[PDB]
Amino acid sequence: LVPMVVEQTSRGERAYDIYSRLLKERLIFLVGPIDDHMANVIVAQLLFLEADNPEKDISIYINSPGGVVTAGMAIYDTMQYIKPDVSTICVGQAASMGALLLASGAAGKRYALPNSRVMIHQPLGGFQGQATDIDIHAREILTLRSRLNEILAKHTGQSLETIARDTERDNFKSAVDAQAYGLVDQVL
Amino acid sequence: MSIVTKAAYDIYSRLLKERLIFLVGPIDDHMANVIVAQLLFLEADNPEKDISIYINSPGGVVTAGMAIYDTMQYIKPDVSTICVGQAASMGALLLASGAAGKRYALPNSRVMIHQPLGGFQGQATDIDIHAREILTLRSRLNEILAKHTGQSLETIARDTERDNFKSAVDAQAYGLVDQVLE
Amino acid sequence: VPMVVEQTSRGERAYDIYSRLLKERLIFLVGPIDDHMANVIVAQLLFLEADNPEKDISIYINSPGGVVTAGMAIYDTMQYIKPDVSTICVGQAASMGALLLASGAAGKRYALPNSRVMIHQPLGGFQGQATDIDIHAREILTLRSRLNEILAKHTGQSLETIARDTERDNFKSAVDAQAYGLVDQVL
Amino acid sequence: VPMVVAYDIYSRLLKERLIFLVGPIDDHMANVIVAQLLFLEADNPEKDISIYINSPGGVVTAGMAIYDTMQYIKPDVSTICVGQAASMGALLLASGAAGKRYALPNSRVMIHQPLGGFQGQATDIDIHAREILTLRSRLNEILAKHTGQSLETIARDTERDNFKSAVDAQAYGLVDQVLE
Amino acid sequence: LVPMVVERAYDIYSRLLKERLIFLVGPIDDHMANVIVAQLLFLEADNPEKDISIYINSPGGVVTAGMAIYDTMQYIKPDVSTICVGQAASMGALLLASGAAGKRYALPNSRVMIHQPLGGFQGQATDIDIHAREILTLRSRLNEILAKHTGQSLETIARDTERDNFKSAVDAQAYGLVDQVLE
Amino acid sequence: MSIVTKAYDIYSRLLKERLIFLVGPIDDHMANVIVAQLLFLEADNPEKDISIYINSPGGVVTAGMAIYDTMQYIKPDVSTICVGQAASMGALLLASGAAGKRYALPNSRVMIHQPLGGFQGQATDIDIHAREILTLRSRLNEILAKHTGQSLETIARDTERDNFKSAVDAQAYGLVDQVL
Amino acid sequence: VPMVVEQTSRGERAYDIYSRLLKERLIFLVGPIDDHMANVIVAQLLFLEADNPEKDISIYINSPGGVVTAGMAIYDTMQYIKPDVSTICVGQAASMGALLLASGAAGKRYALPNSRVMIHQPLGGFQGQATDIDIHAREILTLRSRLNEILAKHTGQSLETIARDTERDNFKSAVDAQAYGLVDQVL
Ligand SMILES: [Cl-]
Ligand SMILES: [Cl-]
Ligand SMILES: [Cl-]
Ligand SMILES: [Cl-]
Ligand SMILES: [Cl-]
Ligand SMILES: [Cl-]
Ligand SMILES: [Cl-]
Ligand SMILES: [Cl-]
């Protein structure tokens, strides 16, 4: 059950579920496993907010264990393409594609709360075909892995060699260690 | 009146006001007819303004995709296509079939023209799609792709047998989109 | 199913996309035919006739066919109501779906270029859908003949031609369907 | 279910005094039909009501609830068969107001009552043999009364699980007119 | 699908609730009983003087749920008329017979069975076992209620409730289970 | 908002009249909804009585205790009315209405007995241990003794038996004040 | 479940009972803690802060606990927002539920007389909820110590006392929870 609120607008009073009410504040929630359904809803929200004001910052709250790589890339490309800066805030956790999106927020505007944790490692499951008739072949997996490593090296400032070595490890960084690595700019 | 993110009500319906359609997930008759309905609605509301279809789809049923294809070509407005995430099979065919000059891909999206057997089989219990009809449809799909990409029929027929994804830049070079939005 | 919001005297209102097009006298006949969807189409035809008995109605058809008596409920309602019912095949029309396509108002039956049409009627459409109903062999043969007569009447083909061709479970292209008399025009 | 503006399509047609009896007959759909009939009577006890019937039949006492309500309310209840009417569906069709029972040209009508409609639908209810024979006779009497056939004829013919065409249903007295 | 009417929008049952009509339909259990109790209390508060009608088409069901309806019918100020359409069995039959004196009705092809099967008495919850002596107490209580409202003697009810046979509308009227067959 | 019996429902309309329905098994979900209605009613008017209609087989002890503590804490008097039955936690809450304002209808039944099932962990990772069960059983007995006027030894003996009391016997025992 | 409808000059507006209480700045933390309910609680906190950053917020807590990182999302949001967040235990609070109860604004943490509090954290709360995530032994130990430090800070107990007492999977009464520093007052 998602609670509702009633807010005054220029057009009169209107009812909102809590997430649509926070969308009016240019806040978007990326929560749970990443897949096409939820990634396309986030793409839709980013496009809508850009249409509403292309200059004002947008915030994505991230609490996600990661998930499907191409779904996460659709969010990534949309974040980069729209005119507004997209600020990222990790609460709870960001892993795999969740961590990649966190680290890809606008420079200076990536944040983690004190007890959140960040894991860059990309499990095989995120790369496999999600539809019954799609088999994702080894070379394409290797291309995607290098692509993700290059994106991380670029946004963190780490070298490519460093990202590719560290992404093999299946462990979490604390918010402070994630800030030190360049995955976020500030622990709030 | 009331607004939600997930079902000027839900986010998708608000963007439909902006002449934007989302083609997402597997293509089957249910979602293809919703897209046909959105296309016919937008043409009736304004037969002059462009329409955009965002495509993130692993493909699916061939006749359902052909329903979308025929509607796109038939209505008066130019239909622009944008690949986000991926486009495979019928999804790649539809991406390639947007209005000339108005087909786009985002930099990390991927495109695969290959059409698996599963798209051609009968979806209803009492329908059996026979081998000659499969070959006829595969050829028609190849000719549609040859026409919109500028590749020869022979090149399409050879390359569609491989089930590999192209990058967005490679898909532009192949003629499946006109521009990578970067 | 997306929504379309319009403002009015007393606030604003919301239609789903299908309801919005029903305002424009378009009906969607999509998916397998059964009693549930057939009665909804009958309800829409009756509503549009009562709203304006003079203006045409369009049914878009994308269907593999299905239950014969449910399709017959739609057929009789199309014939009975006052407005001309135009039909447009998008995707495919098989079995009862093809019969209803062919039964649109004369001159107003259409197919899109990549549409396909199959008149063949599989056994499954004729069998009992209810637990306590067993549809017997002679009734199947009788209904198969009634369907062939409807097709002969609307296509202009001989009953002998329809009976021969309906035994083959093969599709016609839009162009071949138009030449056969199943539609009047490829759009 | 499409909408018209704000009614769903069936509610919009209920405003025009049309009720849809569709699908298998059971207590749930019967009681919705009874409610609609009572509502329409209260709204206007003079104007005719129409019931569109497309149904394979079903539970006998649920059908009898509809039958008794059609007979009891003041408005004439016209019936129209679209698609098919079997078992209690056929009984209800034949029980519309005299002169106002219709069938469309390709509809079909079967008066036969399978054993399934008489059995207990609740777990703790067993419908016994003599009650079945009483109900079968009551249904036959209702059909003889509304069709004009003799009781003997109905009792013989109802044993066959065959459909009548719309024309043969009119000839038998199950409807007054085939509509074209 | 439950149709709607516009007058605001009402589903068909809420529209008829405005006309002080309640539908008791299907098997009786706590869920549906408490909804009927709420409708009775709502109608009493809206107008404690005007009659209420309950239409009953029910195979019966859980005894204590039915007793919740019975007690509420007796307690509220309005007369509660009952009308049997289709059938009334077990607790449904009891509730039909318990409408206000002179205002209990059956339609001509309605049927009524007072018999109470064992299933209505057993515990519906996981941790409740309804014991034999409590079943016997409740069976006697139901028989006393029927005797009071029908005018039959207690042992006449006890004899006839043992048989799981239906009464026609005419025979239910003759027995005192309703006052009138509406023709 | 549209109106139904089952948008604006019948229970919501009655909440406007300060009536709350406690119906069915007691668990966290329904108990938290009752706490919410109690807090809402107290904020709307802290002086007017509230009524809880109780028809319940009982259920989870800590869920019932959430309702109990909220009834005692809020300012309004909470009247309780048993319809159908009240067992276990349902009987405890009935017995805990405002003094003088606890009621039973003539055919309702009340069983104070607390089955083991109400005390066990409801979450997968919670094991409720034996000494905590004994502590809770004693607390519930103390609550019943206080509200009924019976001795603790009387409650402790009687709660062992999984038998129902009639409305008249519940009133005589002090579980309600009046049979209506 | 239930609705509250309020009349206005432009007709009627409707809430469910929880949304109506949200209007009074009360949030309900009920049932097992997981990402779904935790993100709903985070959103409610951020909304109430944006609506009025000065006024207190109350969380009613009736929970057997649950997923540790979901509860940590709520914890961090409670500490970050400007308003004081009061906590009230009704029923019970265990594991993450007990931690969040203890984490309300100093002096504004309450328990009702028959509620019970269990700080113990079962293994199940630390394990991966996602199919592709295995939460490893060293991360579990790190999270366990962090929870003990959070509890020590808010209760006033030493780290050693928390670490010893959290191993036992027993409940504290409301009065014992108050004496331990887990709430400030039994209401
Ligand atoms: Cl306003
Ligand atoms: Cl093939
Ligand atoms: Cl046969
Ligand atoms: Cl028989
Ligand atoms: Cl028998
Ligand atoms: Cl007979
Ligand atoms: Cl017994
Ligand atoms: Cl490990």
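Going by what the PDB entry lists, chain D is known as ATP-dependent Clp protease proteolytic subunit and is assigned to Xanthomonas oryzae. The title line of the PDB record says "Crystal structure of Xanthomonas oryzae ClpP". Its UniProt record gives chain D a comment under Function (unreviewed entry), which states: "Cleaves peptides in various proteins in a process that requires ATP hydrolysis. Has a chymotrypsin-like activity. Plays a major role in the degradation of misfolded proteins." The UniProt entry for chain D carries the following comment under Subunit (unreviewed entry): "Fourteen ClpP subunits assemble into 2 heptameric rings which stack back to back to give a disk-like structure with a central cavity, resembling the structure of eukaryotic proteasomes."

Going by the PDB entry, chain A carries the name ATP-dependent Clp protease proteolytic subunit and comes from Xanthomonas oryzae. Under the heading Subcellular location (unreviewed entry), UniProt records this for chain A: "Cytoplasm". Recorded in UniProt under Function (unreviewed entry), the annotation for chain A is "Cleaves peptides in various proteins in a process that requires ATP hydrolysis. Has a chymotrypsin-like activity. Plays a major role in the degradation of misfolded proteins."

J.: Mind laying out the overall build of chain D, listing which residues take part and the relevant values?
T.: Of regular secondary structure, chain D possesses seven helices and nine strands. A compact globule built from 180 residues would reach a C-alpha radius of gyration of about 16 Å, and chain D, at 16 Å, matches this within 12%. Along the first, second and third principal axes, the C-alpha set of chain D runs to 50 × 45 × 30 Å.

J.: Can you break down the overall build of chain A residue by residue, with the values?
T.: Counting its regular elements, chain A contains seven helices and nine strands. Rg of the C-alpha trace for chain A: 17 Å, near the compact-globule value of 16 Å for 188 residues, within the 12% margin. In terms of principal-axis extent, the alpha carbons of chain A reach across some 55 × 40 × 30 Å.

J.: Tell me what's going on with the interface of chain A and chain B, and back it up with residues and numbers.
T.: Facing 34 residues of chain A, the contacting portion of chain B comprises 33 residues. Of all the secondary structure elements, the ones that give two or more residues to the side of chain A that touches chain B are strand 2 (12–17), helix 1 (18–23), helix 2 (36–52), helix 3 (69–81) and helix 5 (138–156) of chain A. Ranked by residues supplied to the side of chain A that touches chain B, first place goes to helix 2 of chain A with 10 residues. Residues that form the side of chain A that touches chain B fall into these classes: 18 nonpolar, seven polar and nine charged.

J.: Describe the UniProt feature "active site" (unreviewed entry) in chain A, with residues and values.
T.: Residues and elements named next belong to chain A. UniProt annotation of "active site" (unreviewed entry) refers to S96 and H121 when read in the numbering used here. The named residues occupy 26 residues along the chain; their greatest pairwise C-alpha distance, 5.4 Å, places them in one compact cluster. Tracing the backbone shows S96 in the loop between strand 5 (86–95) and helix 4 (97–103). Here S96 falls in the buried class, since its relative accessible area comes to 3%. A polar atom in the side chain of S96 sits 3.4 Å from the backbone nitrogen of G67. Relative to the assigned elements, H121 resides in the loop between strand 7 (117–119) and helix 5. Here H121 is in contact with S96, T167, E168, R169 and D170, once residues within four sequence places are set aside.

J.: Requested: an account of the environment of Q179 of chain B, with residues and values cited.
T.: Residues and elements named next belong to chain B. Here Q179 is to be found in strand 7 (residues 179–180). For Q179, a relative accessible area of 43% corresponds to the partly exposed category. With 74 residues separating them in the primary sequence, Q179 and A105 have C-alpha atoms 6.6 Å apart. If we ignore the near neighbours within four places in the chain, the residues touching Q179 are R103, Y104, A105 and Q172.

J.: Please provide a residue-by-residue account of the packing of aromatic side chains, values included.
T.: Applying the stated criterion across every chain yields a total of 14 aromatic pairs over all chains. On the basis of an interplanar angle of 65° and a centroid distance of 5.4 Å, the ring pair of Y13 of chain E and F23 of chain E is categorised as edge-to-face. Residue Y13 of chain E is found in helix 1 (residues 12–17), and its partner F23 of chain E is found in strand 3 (residues 21–25); the two are separated by 10 residues along the sequence. Relative to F28 of chain G, the ring of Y18 of chain G has its centre 5.0 Å away and its plane inclined at 55°; by these criteria the two rings are tilted. With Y18 of chain G in helix 1 (residues 17–22) and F28 of chain G in strand 3 (residues 26–30), the pair connects residues that are 10 residues apart, well separated along the chain. Site record: aromatic cluster; members linked through ring pairs are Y19, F29 and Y61 of chain A. Directly above the aromatic system of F171 of chain C lies the positively charged group of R116 of chain C, at a separation of 3.9 Å from the ring centroid.

J.: For the arrangement of the chains, give the residues involved together with the corresponding values.
T.: One finds no contact linking chain B with chain E; the least C-alpha distance across the pair is 16 Å. Considering only C-alpha positions, the minimal separation of the non-contacting chain B and chain G is 11 Å.

J.: Explain the pairing of strand 2 (residues 11–16) of chain C to me, and be specific about the residues and the numbers.
T.: Residues and elements named next belong to chain C. In this structure, strand 1 (residues 3–8) lies alongside strand 2, joined through six bridges in antiparallel fashion. Directly across from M3, in strand 2, lies its bridge partner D16. Hairpin remark: strand 1 followed by strand 2, antiparallel, with two residues in the connecting loop.

J.: I'd like a rundown of helix 6 (residues 159–166) of chain C, residues and numbers included.
T.: Residue and element names in this part refer to chain C. What helix 6 keeps buried is the set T161, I162, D165 and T166. Buried residues in helix 6, looked at end-on, bunch into an arc of 115°, giving them a common side. Of the surrounding secondary structure, the elements contacted by the buried residues of helix 6 are helix 5 (137–155) and helix 7 (174–180).

J.: Before we move on, could you go through the side chain of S19 of chain G and cite the residues and values that matter?
T.: As for its position among the elements, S19 of chain G is in helix 1. Judged by relative accessible area, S19 of chain G falls into the buried class, the value being 1%. A polar contact of 2.7 Å, which involves the side chain of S19 of chain G, links it to the backbone nitrogen of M4 of chain A. Discounting residues that sit within four places of it in the chain, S19 of chain G has contacts with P3 and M4 of chain A.

J.: Break down the environment of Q127 of chain G for me, with residues and values.
T.: Residue position: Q127 of chain G is located in the loop between strand 7 (116–118) and helix 5 (137–155). Residues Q127 of chain G and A137 of chain G lie 10 residues apart in sequence; the distance between their C-alpha atoms is 9.7 Å.

J.: Explain the packing of helix 5 (residues 132–150) of chain E against helix 6 (residues 154–161) of chain E to me, using residue names and the numbers behind them.
T.: Residue and element names in this part refer to chain E. Two numbers describe how helix 5 lies on helix 6: the axes approach to 9 Å, and their chain directions differ by 115°. Crossing geometry of helix 5 relative to helix 6 is assigned as right-handed. Seen from helix 5, the contacting residues are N143, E144, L146, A147 and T150; seen from helix 6, they are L154, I157, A158 and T161. Taken together, the residues of the contact of helix 5 with helix 6 sort by class into five nonpolar, three polar and one charged.

J.: So what about the UniProt feature "active site" (unreviewed entry) in chain D? Which residues, and what values?
T.: Residues and elements named next belong to chain D. Annotation from UniProt places "active site" (unreviewed entry) at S87 and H112. By the element assignment, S87 lies in the loop between strand 5 (77–86) and helix 4 (88–94). Apart from residues no more than four positions distant in its own chain, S87 is found in contact with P56, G57, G58, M110, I111, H112, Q113 and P114.

J.: Before we move on, could you go through the nonpolar core and cite the residues and values that matter?
T.: Residues and elements named next belong to chain D. With 70 residues, the main nonpolar core has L21, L37, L91 and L92 as its most contacted residues. In terms of residues, this core owes the most to one element, helix 2 (residues 27–43), which gives 10 residues. Not counting the four nearest positions on each side in its chain, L37 is found in contact with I19, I49, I51, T69, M70, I73 and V77.

J.: Tell me about helix 2 of chain D, and please be specific about residues and values.
T.: Between the first and last C-alpha of helix 2 of chain D there are 24 Å, a value that for 17 residues agrees with the 24 Å anticipated at 1.5 Å per step. Counting buried positions over the 17 residues of helix 2 of chain D gives 13, a clear majority of the element.

J.: With reference to specific residues and values, describe unusual backbone geometry.
T.: Even without being a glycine, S95 of chain C presents a positive backbone phi close to 55°. Here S95 of chain C lies in the loop between strand 5 (85–94) and helix 4 (96–102). Judged by relative accessible area, which is 3%, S95 of chain C ranks as buried. Positive phi, normally seen in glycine, also occurs at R20 of chain E, with a value near 60°. Locating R20 of chain E in the fold gives a position in the loop between helix 1 and strand 3.

J.: Requested: an account of the pattern of salt bridges, with residues and values cited.
T.: Applying the stated criterion across every chain, the model contains 63 salt bridges over all chains. Two residues, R101 of chain D and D176 of chain D, come together in a salt bridge whose shortest N-O distance is 2.9 Å. Of this pair, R101 of chain D sits in strand 6 (residues 101–103) while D176 of chain D is found in the loop between helix 7 (166–172) and strand 9 (177–178), placing the two residues 75 residues apart along the sequence. You can call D176 of chain D partly exposed: its relative accessible area is 27%. Between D160 of chain E and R159 of chain E there is a salt bridge, with the nearest N and O atoms lying 2.8 Å from each other. Residue class for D160 of chain E comes out buried when judged on its relative accessible area of 18%.

J.: Residues and numbers for the packing of helix 2 of chain D against helix 3 (residues 60–72) of chain D, please.
T.: Residues and elements named next belong to chain D. With their axes 8 Å apart at the nearest point, helix 2 and helix 3 run at an angle of 10° to one another. As the angle between them shows, helix 2 and helix 3 are arranged roughly parallel. From helix 2, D27, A30, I33, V34 and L37 reach across to helix 3, where they touch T61, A62, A65, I66, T69 and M70.

Calculation notes
Residues numbered from 1 in each chain as written, not as in the entry; some residues may be left out. Chains lettered and ligands numbered in written order. Heavy atoms only, no water. Residues with missing side-chain atoms left out of burial classes, pairs and counts. UniProt positions renumbered as here; feature names shortened; annotations may be inferred. Helix = DSSP H or I, 4+ residues; strand = E, 2+ residues; numbered from the N terminus. Rg over C-alpha atoms; globule rule 2.2 N^0.38 Å. Contact = heavy atoms within 4.5 Å. Nonpolar A, V, L, I, M, F, W, Y, C, P; charged D, E, K, R; others polar. Buried < 20%, exposed > 50% of the residue type's maximum accessible area, 1.4 Å probe, protein only. Polar contact = N/O pair within 3.5 Å; in protein donor to acceptor, adjacent residues only side chain to side chain. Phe/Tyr/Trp six-rings, centres within 6.5 Å; stacked < 30°, edge-to-face > 60°. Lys NZ or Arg CZ within 6 Å of the ring centre and 35° of its normal. Pairing = 2+ DSSP bridges. Arc of directions from axis to C-beta. Axes fitted to C-alpha atoms, helices over the stretch in contact; angles between N-to-C directions. Left-handed = near helix turned anticlockwise from the far one by under 90°. Core = buried A, V, L, I, M, F, W, Y, C linked by side-chain atoms within 4.5 Å. Expected span 1.5 Å × (residues − 1). Salt bridge = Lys/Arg side-chain N within 4 Å of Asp/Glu carboxyl O. Parallel < 35°, antiparallel > 145°, perpendicular 65-115°, else oblique.

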